[PDB]
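Student: I am attaching a structure below and will ask some questions about it afterwards.
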Ligand SMILES: NCCc1ccc(Br)cc1
């Protein structure tokens with residue numbers, strides 16, 4: 006009896022959502038001139054990692070950035086002068102993510118260790134030392150992001166997320182409800198909501214303050230690899246192992262126009278927007294990073311690394327864009 | 008299994024009542040934002056090679 | 002952090025204990041009995057670069073011993099300094115042993145030498161250099177130290193605008209390229225001392241003259 | 024007829040030595056430590072191609088050194104330099120191949136990029152000083168200058185060796201590298217055959250090693266054999282056969298890049314793309 | 003040059019960092035990395051604790191054989207699905223699989239696990255060093271005769287020992305041992321197109337020669353790889 010009620014309620018939901026689409030984005034868009042072609046050149050090349058590169062994260066001042074590798078190192082670079090400011094050796098050799106604090110006082114990392122570590126950069130001594138170690142998860146860490154100097158949001162492989170308190174080191178909220186393991190999360194500019202995409206081919210919306218899911222989005226038939234969040238705050242884009250990426254809206258609660266090409270077979274690994282939201286930067290599996298028009302489903306340009315492009319990043323001021331790859335090279339583009 | 012099925016049904020019911028807006032109205036806001044902020048996007052409109060720090 | 006040394017043809021030693029001695033460059037700075045500060049020598053972190061004061065070059069020699077965390081100066095204040103993007107050099111000074119010894137460089141003079149003030153009122157102190165300290169990249173290399181009557185000098189401002197770590201937020205710095213000023217909004221009994229002016233555009237780190245506050 | 028053949032050899036050498044150095048330069052899919060020796064050999068072979076063979080072919084086709092005598096010495100010295108450098112590069116490539124299959128665990132620690140440069144510097148260094156010292160200081164013709172004059176100076181620019189210089193030169197330049205690579209490839213062939221026997225039971246290596254060893258021997262053996270024999274035999278060799286004796290070295294120079302580079306599928310797959 | 007006085011110290015510090023990184027790079031290329039897989043019943047813990055002589183995710187172990195360094199990573203408290211984190215281990219030298227052959231009950235799931243590992247797309251060109259642990263318990267339980275294999279594997283009745291058998297104990301236990309080996313090798317040899325191999329063994333509860341066996345198998349693996357690369361095999 007309960008199953009039938011759930012089925013009819015789901016049917017009612019999809020029917021109510023169905024009677025809301027009157028026009029497609031493409032026909033409204035047809036009255037907009039295309040952006041044309043985009044040309045970017047490799048300004049700088051940062052070298053020094055041994056193994057593959059899996060993560061990177063820009064700084065807020067738009068100069069410094071941090072990257073992670075499988076040999077067990079974190080390196081903080083000076084983008085303008087290519088110098089190296091720091092080099093941090095890790096306890097565990099298998100890491101999957103890194104984050105760089107908004108104030109620039111801390112960095113974090115995690116991986117096949119079920120532990121998130123916090124590193125203090127500005128000390129009375131001249132060395133960088135670990136501050137906290139946040140244990141309590143079961144599966145491998147796949148993402149982590151800073152709220153402020155005391156709050157951090159983690160994504161794990163045991164199909165749960167969590168909100169932590171760095172001062173004490175105890176969880177204050179656990180977000181449960183994903184069927185498969187979750188891989189990526191993105192925050193909002195107003196730091197009140199965040200999304201997360203998992204391997205059950207669905208993405209969910211969460212409320213940080215009170216801590217329960219508000220909306221659930223579907224449409225992909227394979228697992229979700231990357232998720233980014235629109236600069237306005239009312240949309241987001243996902244990236245799947247289906248060689249396809251979609252755009253969803255938080256009010257219409259529907260799949261808007263999708264970006265797919267007939268010459269792509271491999272899934273994507275990273276997604277990011279530009280400052281104005283006109284461009285969509287996607288890192289692919291066939292050694293390439295394509296550039297999409299976020300309104301017309303056109304390939305404005307191509308960014309061509312000798313192995314998989316694993317990570318991306320766009321500066322706060324929009325001046326540059328960095329890419330990482332499994333050949334252990336970081337390139338800065340504009 | 009009764010408790011799990013319940014938790015599922017009240018979760019779906021909680022998700023059920025949400026305010027919605029028309030697709031065209033939601034799609035117009037993105038166009039408005041793009042046309043309002045297209046002036047200050049260096050990646051969209053290239054900047055002359057005097058104010059960017061990644062020259063040479 | 003606490004580096005305390007005692008010594009004094018003679019040899020001087022500065023011993024450090026409390027920080028990563030192997031990541032910091034070191035300096036030796038001289039203070040005459042009744043005259044302002046003066047620079048002597050400098051040894052890099054990796055011992056790959058060494059400079060000496062133009063006045064004495066053949067009669068002096070510096071060396072460092074990283075395993076035992078000791079600094080040396082040979083007769084024939096020891097100050098930390100670390101350089102990277104966003105660092106604050108000259109932040110910590112030693113307990114103090116002065117070194118009384120019986135052209136094209138940048139010279140700078142402070143306008144006055146003394147001024148009487150009253151608590152609760154703002155004060156201004158001026159410095160002026162021969163040539164512009166503003167560089168092509170954008171940094172303006174100016175430092176304020178504010179030695180107190182009895183102890184070693186401290187650090188207040190670096191790069192003419194940035195406030196130090198533990199100093200109260202009553203000090204500020206501003207300038208235009210050649211003329212600079214330091215303003216103290218409020219005032220307390222702990223601000224009594226003499227203030228110094230420094231440049232770091234070139235190796236001869238020519239200090240200023242001093243401005244006593246009574 | 025013959026002149027067209029020599030020109031074809033020169034053109035083949037020129038085209039073969041350029042692709043290897045170019046491609047090895049702008050890929051990075053093939054920028055491995057082991058490739059630096061390959062393009063160093065390609066550079067040596069290209070330098071031999073641009074300089075020596077044109078003068079050699081014109082001197083042979085006109086049967087007379089219609090040139091200055093100040094440059095005959097430098098011509099001979101450069102020829103000896105480049106031939107010895109090529110042979111030493113072959114020997115070092117063989118030694119590199121030896122460590123991969125006869126000591127596999129310790130391969131990465133030994134053959135790094137800080138030991139390839141030592142080989143490259145030695146290969147350029149020793150032949151240069153040896154050849155220039157032998158030619159300009161007249162150590163080869165000491166005590167036999169009169170017969171040198173009567174034989175070649177009366178009519180000649182061919183190199184001349186005594187009973188003592190010739191054997192030492194043959195000794196070093198031919199016998200040491202060739203013996204080294206023969207021993208290496210012998211043991212490699214036995215090891216490969218044994219390993220191939222085992223999988224199947226719970244013959245490709247023979248073709249490759251045969252090609253390599255046969256090319257090297259066929260190209261180089263007759264010339265050095267006749268050269269070492271002549272001082273002891275009595276200088277009765279005709280000078281016409283010596284021309285073909287030198288030209289086999291240039292033929293080896295032509296074939297070597299084709300053998301070492303294009304025979305391999307990975308290299309071809311950076312060339313197909 | 004146009005660099006300031008405070009910009010040269012920055013490049014000096016960067017150069018020292020690069021020197022340290024190059025030293026670490028030289029250290030990193032003389033080590034071989036291994037991945038250890040198995041089930042809870044199989045004695046992974048026993049062998050990992052012998053070779054050296180909280181809800182953590184990975185455990186790391188080091189051992190030295192003939193001036194060669196080996197790294198053996200054991201994946202610990204993870205979930206029941208391995209499809210996602212298995213892409214990180216596509217550059218190891220070899221995979222080690224441990225099987226408990228005394229049970230006969232949960233031994234069919236072991237074959238499925240081995241097939242899943244062998245047929246993975248990210249794990250091709252990687253060889254497997256199969257370990258068959260807990261032989262003394264096997265012998266004790268078979269000589270008693272309380273439990274029969276035919277009750278669990280009815281094909282065991284119509285099986286005869288191979289001629290290649292070299293029992294260096298009994299005329300029957302060897303039949304069961306080689307039956308289990310035949311099952312695993314039948315799974316192994318169904319495909320593989322000559323790019324990775326399987327090396328079965330007869331490890332016991334306590335042994336002092338496992339490290340030497342791993343050394344020899346890794347030597348053979350890398351030698352075959354090098355011979356294939358240069359077109360000699
Ligand atoms: N074309 C090469 C001629 C030659 C003669 C002697 C020696 Br020893 C080396 C080279």
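Protein chains in written order, with the authors' numbering: chain B, 6 to 309, 311 to 340; chain Y, 8 to 63; chain S, 2 to 9, 17 to 84, 95 to 120, 135 to 246; chain R, 24 to 178, 180 to 226, 244 to 314; chain A, 3 to 55, 180 to 294, 297 to 361. We put the CB at the ideal spot given by N, CA and C, even for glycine.
To the nearest angstrom, how far is it from the Cα of residue 51 of chain Y to the Cα of residue 286 of chain B?
Tutor: Rounded to the nearest angstrom, the two C-alpha atoms are 12 Å apart.
Student: Given that residue 18 of chain A touches chain S, what residues does it touch there, using C-beta distances under 7 Å?
Tutor: Simply 54.
Student: Listed in chain order, which residues of the segment 131-148 of chain B have Cβ atoms closer than 9 Å to some Cβ of chain S?
Tutor: Answer set for the segment 131-148 of chain B: 131 and 132.
Student: Taking contact to mean at least 3 C-beta pairs separated by less than 8 Å, is the segment 9-22 of chain Y in contact with the segment 322-339 of chain B?
Tutor: No, the segment 9-22 of chain Y does not touch the segment 322-339 of chain B.
Student: Would residue 95 of chain B and residue 120 of chain B be called neighbours here (beta carbons separated by less than 8 Å)?
Tutor: Their beta carbons are not under 8 Å apart, which means residue 95 of chain B does not touch residue 120 of chain B by this criterion.
Student: Is the distance from the Cβ of residue 164 of chain B to the Cβ of residue 206 of chain B below 8 Å?
Tutor: Not in contact: residue 164 of chain B and residue 206 of chain B (Cβ atoms no closer than 8 Å).
Student: Can you give me the Cβ contacts of residue 167 of chain B inside the same chain, cut-off strictly under 8 Å, excluding the 5 residues immediately before and after it?
Tutor: 141, 142, 158, 159, 161, 176, 178, 179 and 180, listed in sequence order.
Student: Any residue with its Cβ nearer than 5 Å to a heavy atom of ligand 1 should be included. What is that list in chain order?
Tutor: Listed along the chain, these residues meet the criterion: R:102, R:103, R:106, R:193, R:197, R:287 and R:290.
Student: Three Cβ pairs or more, each shorter than 8 Å: is that satisfied between the segment 137-152 of chain R and the segment 103-115 of chain R?
Tutor: Yes: at least three Cβ pairs fall under 8 Å.
Student: Measuring only the C-alpha atoms, how far is residue 86 of chain R from residue 223 of chain R?
Tutor: Taking the straight line joining both Cα atoms gives about 59 Å.
Student: Quick one, are the C-beta atoms of residue 179 of chain S and residue 228 of chain S less than 8 Å apart?
Tutor: It is a contact, given that the beta carbons lie within the stated cut-off.
Student: At the 8 Å Cβ level, is residue 81 of chain S part of the contact set with chain A, yes or no?
Tutor: By this cut-off, residue 81 of chain S is not an interface position.
Student: Given a limit of 7 Å on CB to CB distance, which residues of the segment 22-45 of chain A reach chain R?
Tutor: The segment 22-45 of chain A vs chain R, Cβ under 7 Å: 31 and 32.
Student: DSSP three-state call for residue 314 of chain R: helix, strand or coil?
Tutor: In this structure, residue 314 of chain R counts as coil in the three-state DSSP scheme.
Student: Could you name the residues of the same chain whose beta carbon sits closer than 6 Å to that of residue 118 of chain B, not counting the 5 residues immediately before and after it, in chain order?
Tutor: Within the same chain, residue 118 of chain B has close Cβ partners 97.
Student: When you compare the segment 204-219 of chain A with the segment 46-53 of chain A, are there three or more beta-carbon pairs, one atom per stretch, that lie closer than 8 Å?
Tutor: In short, these stretches do not touch, since the Cβ pair count stays below three.
Student: Would you say residue 90 of chain B reaches chain S, if we count a Cβ-Cβ gap shorter than 8 Å as a contact?
Tutor: Chain S, which has a Cβ nearer than 8 Å to the Cβ of residue 90 of chain B, makes this yes.
Student: What three-state label does DSSP hand residue 91 of chain B in the structure shown?
Tutor: DSSP places residue 91 of chain B in strand when its eight states are reduced to three.
Student: Terminal residues of the continuous alpha helix (DSSP H) containing residue 48 of chain S?
Tutor: Run containing residue 48 of chain S: none in the alpha helix (DSSP H); it sits in the beta strand (DSSP E), 45-51.
Student: Could you tell me if residue 53 of chain S is buried or exposed, where buried requires 16 or more neighbouring beta carbons within 10 angstroms of its beta carbon?
Tutor: Label assigned to residue 53 of chain S: buried.
Student: Please name the residue, chosen from B:318, B:227, B:147 and B:125, that lies closest to residue 331 of chain B on a Cα-to-Cα basis.
Tutor: Looking at the Cα atoms, B:318 is the closest of the given residues.
Student: Can you pull the chain B residues whose beta carbon is under 8 Å from the beta carbon of residue 182 of chain A, in chain order?
Tutor: Under the 8 Å cutoff, chain B gives 118, 119 and 120.
Student: Let me make sure I understand the geometry here. Which of A:184, A:25, A:37 and A:45 has the alpha-carbon closest to that of residue 54 of chain B?
Tutor: Closest by alpha carbon: A:25.
Student: In whole angstroms, give me the CA-to-CA distance for residue 71 of chain R and residue 30 of chain A.
Tutor: Rounded to the nearest angstrom, the two C-alpha atoms are 40 Å apart.
Student: Against chain A, with Cβ distances strictly below 8 Å, would residue 221 of chain R count as a contact?
Tutor: No, its Cβ sits nowhere closer than 8 Å to a Cβ of chain A.
Student: Run the CB neighbour count on residue 317 of chain A, radius 10 Å, all protein chains shown included, and call it buried at 16 or more, exposed below.
Tutor: So residue 317 of chain A ends up on the exposed side.
Student: Quick one: Cα of residue 102 of chain S to Cα of residue 207 of chain S, how far?
Tutor: For residue 102 of chain S and residue 207 of chain S, the distance between alpha carbons rounds to 23 Å.
Student: In chain Y, which residues lie less than 7 Å from residue 30 of chain B when you measure between Cβ atoms?
Tutor: Near residue 30 of chain B (Cβ distances below 7 Å), the residues of chain Y are 34.
Student: At the 8 Å Cβ level, is residue 306 of chain A part of the contact set with chain R, yes or no?
Tutor: So no, residue 306 of chain A is outside the interface.
Student: Distance, Cα to Cα, residue 202 of chain A vs residue 208 of chain B?
Tutor: Each residue's Cα considered, the two are about 29 Å apart.
Student: Report the three-state DSSP secondary structure of residue 7 of chain S (helix, strand or coil).
Tutor: Coil at residue 7 of chain S, not helix or strand.
Student: Hey, how far is the Cα of residue 122 of chain R from the Cα of residue 215 of chain R?
Tutor: C-alpha separation (whole angstroms): 13 Å.
Student: Could you tell me which whole beta strand (DSSP E) segments of length 3 or greater appear in the segment 51-124 of chain B?
Tutor: Listed in chain order, they are 58-63, 69-74, 78-83, 89-94, 100-105 and 111-116.
Student: When you compare each of A:361, A:211, A:347 and A:359 to residue 125 of chain R by their alpha carbons, which one comes out closest?
Tutor: Nearest of A:361, A:211, A:347 and A:359 to residue 125 of chain R, Cα basis: A:347.
Student: Go ahead and pull the three-state DSSP assignment for residue 83 of chain S.
Tutor: DSSP places residue 83 of chain S in strand when its eight states are reduced to three.
Student: Of all the CB atoms in chain A, is at least one closer than 8 Å to the CB of residue 64 of chain B?
Tutor: No, no contact with chain A.
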